[PDB]
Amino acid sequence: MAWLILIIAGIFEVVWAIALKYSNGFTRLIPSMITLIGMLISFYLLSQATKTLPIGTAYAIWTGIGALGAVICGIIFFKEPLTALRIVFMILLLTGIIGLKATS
């Protein structure tokens, strides 16, 4: 069960990331608040999901979902670039992050 709320922890990680992009320097009220509470939610669900699951595998999935989701929702909502070079270089960047967190 702690796997699924770890999934949702990474989902709210994507949530405050997109909410921060909508706030423009943390100046627009409501996206700024979604950023804070969505970050608190992600931290709290993570603390409970890690109480049972391995710390290395929990964080690797938590940041993996948060990073990839921010990349996908970025190119979707804010119409961010979809270059063949950009998709390759972030694939390399995400595997490195997922790898290092899964080894500690």
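Throughout, we count residues from 1 along the sequence that is shown.
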{"property": "Between the two ranges 32 to 40 and 52 to 60, the one averaging a larger CA B factor in the entry", "result": "52 to 60"}
{"property": "Mean temperature factor over C-alpha atoms, higher-scoring stretch between 91 to 99 and 78 to 86", "result": "78 to 86"}
{"property": "Chain-relative CA temperature factor third for residue 20", "result": "middle"}
{"property": "Record-listed C-alpha B factor of residue 45: chain third", "result": "highest"}
